[PDB]
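Please read the structure below before turning to the comments.
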Amino acid sequence: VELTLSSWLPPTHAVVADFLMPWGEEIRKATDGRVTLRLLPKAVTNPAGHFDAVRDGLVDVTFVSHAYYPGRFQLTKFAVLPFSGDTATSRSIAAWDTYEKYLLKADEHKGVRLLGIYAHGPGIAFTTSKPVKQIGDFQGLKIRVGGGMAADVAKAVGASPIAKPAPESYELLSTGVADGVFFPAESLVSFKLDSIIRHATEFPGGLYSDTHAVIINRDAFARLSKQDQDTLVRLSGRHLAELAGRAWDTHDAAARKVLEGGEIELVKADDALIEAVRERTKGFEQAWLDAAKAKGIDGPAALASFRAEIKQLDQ
Ligand SMILES: O=C(O)[C@H](O)c1ccccc1
């Protein structure tokens, strides 16, 4: 069985080059070639369309951003709140472990098999020409966001979110439609924004983050032997979360040569700015609790579990 894989990111991106490709090699080797992943040479549809591409059987495997589906992945938001996680590795592992233990029964990923979830690193506020040093500096900025938490944060701090998938960021910024972008560090470089962006403000534990899901068509999974199904599952979940998180973190760290290099004015959010953002976003947790209750899950348990686990990992 050869599983087709569609990606809406360039093949050189961390997610593909340093996560999905090595992961596919792990699957091949662990099933003696009986299961392989074939990366299709083009995206088969637009980024948000990738969930349905899998569900409809157009491709066997993909990754989807939880930000790209307004209303549909509300339960993932516990993992991406402002100021909550130092690295993609710790957040990915804690996000998956929490989702697997408490949230799977809510069926947010209806119609496909959910293999695993990961998160990227700390979100940064990047802008083309306008520094962000006090809360008022966000007012009116048109900021490209994925959607989801990034969008919730942009709106809360008084910016005007432009919710579009990541690959649109270069066009929107280069043409001056957007004033800025919420991205993790690596994206500054992989999306080729570092000759446009001149300003960045970093926040302890991130301004926000985003989670992705790796999914497989259910009929395709059913084509594997029981042993190979078990193997694919063993190589997914927490194992996948760690593999992906490590890729993101490695790319984030590489990107610091550009962040720290002098052409970008690099700001560390001061205590006043952080507190102003906390104050604007203070209701987000209760919003998530309310959604958790609506979905029939143990909100306080899941939230407490995630926090305990990420705090420990981060140590
Ligand atoms: O901002 C987004 O669109 C999303 O979080 C994302 C997707 C892919 C790379 C970086 C970030």
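Using the working numbering, the first residue of the sequence shown is number 8, and each one after it goes up by one. Quick reminder that beta carbons are idealized off the backbone N, C-alpha and C, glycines included.
When distances are taken from the beta-carbon of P18 to the heavy atoms of ligand 1, even the shortest one reaches 7 Å or more. Taking 8 Å as the cut-off, the Cβ atoms of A192 and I131 count as close.
Out of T96, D67 and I222, the CA that lies nearest to the CA of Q322 is found in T96. When beta bridges are read from the DSSP output, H219 appears opposite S72 and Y125. With a beta-carbon spacing of about 19 Å, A74 and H258 fall beyond the 8 Å limit used to define contacts. The three-state secondary structure of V274, taken from DSSP, is strand. Between the segment 222 to 241 and the segment 162 to 182, the count of C-beta pairs closer than 8 Å stays below three; the two stretches do not touch.
By DSSP's assignment, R120 forms a beta bridge with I223.
When secondary structure is reduced to three states using DSSP, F189 falls in the strand class.
In this structure, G78 has its beta carbon at no less than 7 Å from each heavy atom of ligand 1.
Secondary-structure assignment with DSSP links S167 through a beta bridge to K149. With 16 or more neighbouring CB atoms inside 10 Å of its own CB, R120 falls in the buried class. Assigned with DSSP and collapsed to three states, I131 falls in strand. Short of 7 Å from the beta carbon of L239, and not among the five residues preceding or following it, lie these beta carbons of its own chain, in chain order: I34, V42 and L231. In terms of Cα proximity to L200, the closest of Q146, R225, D226 and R151 is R151.
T182 and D237 have their alpha carbons spaced roughly 48 Å apart.
In this structure, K108 keeps its C-beta atom at 8 Å or more from the C-beta atom of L280.
At the C-beta level, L12 and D67 come within 8 Å of one another. Pairing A262 with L195, the inter-Cα distance amounts to about 7 Å. In the DSSP secondary-structure assignment, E9 is bridged to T43.
When the five nearest sequence neighbours on each side are left out, the beta carbons in the same chain lying within less than 7 Å of the beta carbon of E272 are those of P138, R205 and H206, in order along the chain. Under DSSP, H57 shares a beta bridge with no residue.
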